[PDB]
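Data file: input_21.csv. Format and content: CSV, C-alpha atoms and all ligand atoms.
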chain,number,residue,atom,x,y,z
A,1,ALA,CA,38.2,140.5,73.5
A,2,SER,CA,35.2,142.0,71.7
A,3,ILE,CA,35.5,140.3,68.3
A,4,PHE,CA,35.9,136.8,67.0
A,5,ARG,CA,38.2,135.7,64.1
A,6,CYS,CA,38.8,132.4,62.4
A,7,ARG,CA,41.6,130.8,64.5
A,8,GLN,CA,43.2,129.3,61.3
A,9,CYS,CA,43.6,132.4,59.2
A,10,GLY,CA,42.2,135.5,60.9
A,11,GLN,CA,39.1,136.2,58.9
A,12,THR,CA,36.6,138.3,60.8
A,13,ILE,CA,33.6,136.2,61.8
A,14,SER,CA,31.5,137.6,64.6
A,15,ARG,CA,31.4,139.8,67.7
A,16,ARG,CA,30.8,139.3,71.4
A,17,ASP,CA,27.9,141.7,71.1
A,18,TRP,CA,26.2,139.3,68.7
A,19,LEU,CA,26.1,136.4,71.1
A,20,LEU,CA,22.6,135.0,71.4
A,21,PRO,CA,21.2,133.5,74.6
A,22,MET,CA,19.5,130.3,73.1
A,23,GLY,CA,17.4,128.4,75.7
A,24,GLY,CA,19.0,130.4,78.5
A,25,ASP,CA,22.7,130.2,77.5
A,26,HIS,CA,24.8,131.2,74.5
A,27,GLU,CA,26.9,127.9,75.1
A,28,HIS,CA,25.7,124.3,74.2
A,29,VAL,CA,27.9,121.3,74.5
A,30,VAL,CA,26.7,118.7,71.9
A,31,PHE,CA,27.8,115.5,70.0
A,32,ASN,CA,27.4,114.5,66.4
A,33,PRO,CA,26.7,110.9,65.3
A,34,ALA,CA,30.4,110.3,64.8
A,35,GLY,CA,30.9,111.0,68.5
A,36,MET,CA,32.7,114.3,68.2
A,37,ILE,CA,32.0,116.8,70.9
A,38,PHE,CA,31.6,120.5,70.2
A,39,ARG,CA,31.3,123.5,72.4
A,40,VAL,CA,28.9,125.5,70.4
A,41,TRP,CA,28.4,129.3,70.9
A,42,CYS,CA,25.2,130.7,69.4
A,43,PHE,CA,25.3,134.1,67.6
A,44,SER,CA,22.5,136.2,66.1
A,45,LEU,CA,24.8,137.3,63.4
A,46,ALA,CA,28.2,136.3,61.7
A,47,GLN,CA,30.0,137.3,58.6
A,48,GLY,CA,33.0,136.0,56.5
A,49,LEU,CA,31.5,132.5,56.2
A,50,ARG,CA,30.6,130.4,53.3
A,51,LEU,CA,27.4,128.3,53.6
A,52,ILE,CA,27.5,125.0,51.8
A,53,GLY,CA,24.6,123.1,50.4
A,54,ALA,CA,20.9,123.4,51.3
A,55,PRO,CA,19.5,123.1,54.8
A,56,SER,CA,18.9,119.8,56.5
A,57,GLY,CA,16.7,118.9,59.6
A,58,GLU,CA,18.6,115.6,60.1
A,59,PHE,CA,20.0,115.2,63.7
A,60,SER,CA,19.6,118.9,64.3
A,61,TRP,CA,20.7,119.9,67.8
A,62,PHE,CA,18.1,122.7,67.9
A,63,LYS,CA,14.4,121.8,67.6
A,64,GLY,CA,12.6,123.3,64.7
A,65,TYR,CA,15.8,124.4,62.9
A,66,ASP,CA,17.5,123.1,59.8
A,67,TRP,CA,21.3,123.4,59.5
A,68,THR,CA,23.8,124.2,56.8
A,69,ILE,CA,27.5,123.8,57.3
A,70,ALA,CA,29.4,127.1,57.7
A,71,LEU,CA,33.0,127.3,56.6
A,72,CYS,CA,35.4,130.2,57.0
A,73,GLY,CA,35.0,132.0,53.7
A,74,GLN,CA,38.7,132.7,53.4
A,75,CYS,CA,40.4,129.4,54.4
A,76,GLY,CA,37.6,126.8,54.3
A,77,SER,CA,38.0,125.8,58.0
A,78,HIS,CA,34.8,124.3,59.5
A,79,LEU,CA,33.6,126.9,61.9
A,80,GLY,CA,30.0,125.8,62.6
A,81,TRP,CA,26.5,125.8,61.2
A,82,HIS,CA,23.8,128.3,60.1
A,83,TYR,CA,20.4,127.4,61.4
A,84,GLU,CA,17.2,128.4,59.6
A,85,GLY,CA,13.5,127.5,59.3
A,86,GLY,CA,12.6,128.1,62.9
A,87,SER,CA,10.9,130.7,65.1
A,88,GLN,CA,12.1,133.5,67.4
A,89,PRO,CA,14.6,133.9,65.9
A,90,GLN,CA,14.1,132.4,62.4
A,91,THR,CA,17.8,132.0,61.9
A,92,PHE,CA,21.1,132.1,63.9
A,93,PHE,CA,24.6,130.8,63.8
A,94,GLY,CA,26.1,128.1,66.0
A,95,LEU,CA,29.9,128.4,66.0
A,96,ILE,CA,32.6,126.1,67.4
A,97,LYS,CA,34.2,128.0,70.2
A,98,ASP,CA,37.8,126.5,69.9
A,99,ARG,CA,37.9,127.3,66.2
A,100,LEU,CA,37.6,131.0,66.8
A,101,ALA,CA,40.1,133.5,68.4
A,102,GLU,CA,38.8,136.4,70.5
A,103,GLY,CA,40.5,139.8,70.6
A,104,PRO,CA,40.2,143.5,70.2
A,105,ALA,CA,37.8,145.2,67.6
A,201,LIG,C1,31.6,117.8,61.4
A,201,LIG,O1,30.4,117.4,60.7
A,201,LIG,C2,29.1,117.7,61.1
A,201,LIG,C3,28.9,117.8,62.5
A,201,LIG,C4,27.7,118.1,63.0
A,201,LIG,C5,26.5,118.3,62.2
A,201,LIG,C6,25.4,118.6,63.1
A,201,LIG,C7,24.4,117.6,63.6
A,201,LIG,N1,23.4,118.4,64.2
A,201,LIG,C8,23.5,119.7,63.9
A,201,LIG,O2,22.8,120.5,64.5
A,201,LIG,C9,24.5,119.9,62.8
A,201,LIG,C10,26.7,118.2,60.8
A,201,LIG,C11,27.9,117.9,60.2
A,201,LIG,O3,28.1,117.8,58.9
A,201,LIG,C12,27.9,116.5,58.2
A,201,LIG,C13,27.0,116.6,56.9
A,201,LIG,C14,27.7,115.8,55.8
A,201,LIG,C15,29.0,115.2,56.4
A,201,LIG,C16,29.2,115.9,57.8
A,202,ZN,ZN,39.8,130.8,58.2
How would this structure read if it were set down as structure tokens?
Ligand SMILES: COc1ccc([C@@H]2CNC(=O)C2)cc1OC1CCCC1
Ligand SMILES: [Zn+2]
Amino acid sequence: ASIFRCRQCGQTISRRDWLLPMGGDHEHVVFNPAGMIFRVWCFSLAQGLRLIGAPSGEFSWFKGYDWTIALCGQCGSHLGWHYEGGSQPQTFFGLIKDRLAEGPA
């Protein structure tokens, strides 16, 4: 259980070692304006994604950060968001926990 793959296709995405304690915890439970709930895990780093469009501040769940949608690079599944434009760290990834599968390296 040290690495994370896309649950839908197996693409390698991130690692447990890359989890990022944001505001005290790597886990945040948040809602979008369409009322969908997400269990978001924060990572310092991820790979195998494809970032779509340019960043937006609108409805950002993390103060001072702008988001871009992050799809699985391989299958297109929506895995989370890349955050940028902030401070300490400047950037990070918020990934949806139930869209990842955890397993050996
Ligand atoms: C599942 O969709 C989405 C769900 C959630 C957000 C978040 C709101 N606050 C954040 O920190 C990002 C953006 C989305 O993408 C939208 C942009 C255009 C259509 C959908
Ligand atoms: Zn995938």
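Distance annotation: of A:85, A:35, A:73, A:80, the residue with the minimal separation from residue 56 (chain A) is A:85; atom set is all atoms listed in the file.
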field: Environment of ligand ZN 202 (chain A) within 7 Å, counting only C-alpha atoms and all ligand atoms, reported as a PyMOL selection string
entry: chain A and resi 6-11+72-77
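Between CA of residue 97 (chain A) and CA of residue 40 (chain A) lies a distance of 5.9 Å.
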- prompt: Got a sec: who's within 12 Å of residue 82 (chain A), counting all atoms listed in the file, leaving out chain neighbours fewer than 6 positions off, as a PyMOL selection string?
  reply: chain A and resi 40-47+49-57+60-62+65-71+90-96
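Minimum atom-to-atom distance to residue 87 (chain A), evaluated using all atoms listed in the file, belongs to A:22 out of A:22, A:27, A:58, A:17.
Going from CA of residue 26 (chain A) over to atom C13 of ligand LIG 201 (chain A), you cover 23.0 Å.
Between CA of residue 1 (chain A) and CA of residue 16 (chain A) the interatomic distance comes to 7.8 Å.
In terms of minimum interatomic distance to residue 100 (chain A), A:79 ranks closest within A:86, A:19, A:32, A:79, counting all atoms listed in the file.
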Your completed region 25-49 of chain A with N, CA and C atoms, as a JSON list (two decimals), in the coordinates of the input:
[["chain", "number", "residue", "atom", "x", "y", "z"],
["A", 25, "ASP", "N", 21.21, 130.09, 77.46],
["A", 25, "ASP", "CA", 22.70, 130.20, 77.50],
["A", 25, "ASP", "C", 23.22, 130.24, 76.04],
["A", 26, "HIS", "N", 24.27, 131.04, 75.82],
["A", 26, "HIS", "CA", 24.80, 131.20, 74.50],
["A", 26, "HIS", "C", 25.72, 129.93, 74.18],
["A", 27, "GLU", "N", 26.04, 129.12, 75.21],
["A", 27, "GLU", "CA", 26.90, 127.90, 75.10],
["A", 27, "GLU", "C", 26.11, 126.58, 75.21],
["A", 28, "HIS", "N", 26.31, 125.70, 74.23],
["A", 28, "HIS", "CA", 25.70, 124.30, 74.20],
["A", 28, "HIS", "C", 26.83, 123.35, 73.92],
["A", 29, "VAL", "N", 26.92, 122.29, 74.70],
["A", 29, "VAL", "CA", 27.90, 121.30, 74.50],
["A", 29, "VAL", "C", 27.17, 120.02, 73.92],
["A", 30, "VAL", "N", 27.47, 119.68, 72.67],
["A", 30, "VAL", "CA", 26.70, 118.70, 71.90],
["A", 30, "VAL", "C", 27.67, 117.67, 71.13],
["A", 31, "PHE", "N", 27.10, 116.53, 70.75],
["A", 31, "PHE", "CA", 27.80, 115.50, 70.00],
["A", 31, "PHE", "C", 27.15, 115.22, 68.69],
["A", 32, "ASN", "N", 27.96, 114.94, 67.68],
["A", 32, "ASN", "CA", 27.40, 114.50, 66.40],
["A", 32, "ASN", "C", 27.37, 112.94, 66.39],
["A", 33, "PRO", "N", 26.75, 112.35, 65.35],
["A", 33, "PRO", "CA", 26.70, 110.90, 65.30],
["A", 33, "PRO", "C", 28.02, 110.18, 65.22],
["A", 34, "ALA", "N", 29.05, 110.84, 64.71],
["A", 34, "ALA", "CA", 30.40, 110.30, 64.80],
["A", 34, "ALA", "C", 31.15, 110.49, 66.12],
["A", 35, "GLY", "N", 30.42, 110.96, 67.14],
["A", 35, "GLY", "CA", 30.90, 111.00, 68.50],
["A", 35, "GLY", "C", 31.79, 112.18, 68.84],
["A", 36, "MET", "N", 31.97, 113.08, 67.91],
["A", 36, "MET", "CA", 32.70, 114.30, 68.20],
["A", 36, "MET", "C", 31.91, 115.28, 69.03],
["A", 37, "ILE", "N", 32.61, 115.89, 69.96],
["A", 37, "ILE", "CA", 32.00, 116.80, 70.90],
["A", 37, "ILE", "C", 32.34, 118.20, 70.41],
["A", 38, "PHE", "N", 31.36, 119.10, 70.53],
["A", 38, "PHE", "CA", 31.60, 120.50, 70.20],
["A", 38, "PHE", "C", 31.00, 121.43, 71.22],
["A", 39, "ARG", "N", 31.78, 122.45, 71.56],
["A", 39, "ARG", "CA", 31.30, 123.50, 72.40],
["A", 39, "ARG", "C", 30.86, 124.61, 71.46],
["A", 40, "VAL", "N", 29.55, 124.72, 71.35],
["A", 40, "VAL", "CA", 28.90, 125.50, 70.40],
["A", 40, "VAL", "C", 28.50, 126.85, 71.04],
["A", 41, "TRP", "N", 28.91, 127.98, 70.47],
["A", 41, "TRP", "CA", 28.40, 129.30, 70.90],
["A", 41, "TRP", "C", 27.37, 129.80, 69.87],
["A", 42, "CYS", "N", 26.22, 130.24, 70.35],
["A", 42, "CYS", "CA", 25.20, 130.70, 69.40],
["A", 42, "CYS", "C", 25.32, 132.25, 69.26],
["A", 43, "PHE", "N", 25.30, 132.66, 67.98],
["A", 43, "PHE", "CA", 25.30, 134.10, 67.60],
["A", 43, "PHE", "C", 24.14, 134.46, 66.71],
["A", 44, "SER", "N", 23.65, 135.68, 66.91],
["A", 44, "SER", "CA", 22.50, 136.20, 66.10],
["A", 44, "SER", "C", 22.99, 136.43, 64.69],
["A", 45, "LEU", "N", 24.27, 136.72, 64.56],
["A", 45, "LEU", "CA", 24.80, 137.30, 63.40],
["A", 45, "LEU", "C", 26.30, 136.81, 63.27],
["A", 46, "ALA", "N", 26.75, 136.62, 62.03],
["A", 46, "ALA", "CA", 28.20, 136.30, 61.70],
["A", 46, "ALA", "C", 28.36, 136.77, 60.29],
["A", 47, "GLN", "N", 29.61, 136.93, 59.91],
["A", 47, "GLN", "CA", 30.00, 137.30, 58.60],
["A", 47, "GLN", "C", 31.25, 136.52, 58.19],
["A", 48, "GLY", "N", 31.70, 136.64, 56.94],
["A", 48, "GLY", "CA", 33.00, 136.00, 56.50],
["A", 48, "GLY", "C", 32.94, 134.50, 56.32],
["A", 49, "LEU", "N", 31.74, 133.92, 56.35],
["A", 49, "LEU", "CA", 31.50, 132.50, 56.20],
["A", 49, "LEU", "C", 31.17, 132.14, 54.83]]
